[PDB]
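The chain below stands alone, shown as structure tokens; this is the form deposited in one PDB entry.
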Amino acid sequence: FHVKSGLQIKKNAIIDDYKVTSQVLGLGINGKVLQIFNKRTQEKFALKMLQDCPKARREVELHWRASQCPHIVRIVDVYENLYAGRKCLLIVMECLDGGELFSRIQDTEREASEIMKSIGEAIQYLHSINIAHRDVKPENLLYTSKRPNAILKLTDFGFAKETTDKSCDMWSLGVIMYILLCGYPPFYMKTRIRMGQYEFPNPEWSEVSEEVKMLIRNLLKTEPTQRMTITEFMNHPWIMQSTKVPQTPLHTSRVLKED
């Protein structure tokens, strides 16, 4: 009987339990994401502040429900406090030092696969509990530590929605796969997207498998109704047998330096 705990919205001042700094870890609709410190443990965390409305109350829900998945930024506590006489919801999540996915890169196929593979699990988890993330841009994929065995983790649930939408998550997955392999988006716009107008031009892509190209093409189908389901993405070999992919090298770092 493996029951994880429910969600507890603490009412004590958050300042009773953490020291809040002004280092800013991220920007978003609701203002800044602040680095804060657990007093008892002197460990570091990210703080997100929402105005308490029912939208806020819906993020926190989904995220919290989503949190017990290893590839999704984990919520550690949630408070309701007053701020300038306004109810707010404070989310305290795990702090992810490694910074944004791509930035790390700018410093191998197979390495690419592993990433896609982990991002897959994030979606797979979400989809199986009926949550569509929507906003799976690469800004929202952060690493736990600069240490190069760090884990890639998805964040930012400002646009999460219940599905009791998913096909558009797989789009992002395809765009992110794209940019991982060549170094730029498939779109160099509003009109080229609706059409499904994009190349695998060379010598950037000349070395890349038709196995891989197919897959991307299936993720970037203009028509949602048969873009690939996450369940199939994860079953597809490139991702499925992750480590037996050829360690064939790619220019992605160079290009994202150049660009």
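Numbering starts at 1 and follows the sequence shown. Heads up, when I say rigid core I mean the largest set of C-alphas that superpose within 1.5 Å between the two forms.
Another form exists, deposited in another entry; not displayed. Remarks below refer to it.
- request: Can you spot, among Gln51, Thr222, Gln197, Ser209, the one with a CA shift of 2 Å or more between the shown form and the other one after core superposition?
  value: It is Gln197.
- prompt: Aligning on the rigid core, do we see the C-alpha of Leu25 shift 2 angstroms or more between the shown form and the other one?
  reply: Yes, its C-alpha moves 2 Å or more.
- request: Quick one: in that other deposited form, is the Cα gap between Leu126 and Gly26 smaller or bigger than here? Answer closer or farther; it shifts by 3 Å or more.
  value: So the answer is farther.
field: Closer or farther in that other deposited form: C-alpha pair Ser253, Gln197 (3 angstroms or more)
entry: Relative to the shown form, the pair is closer.
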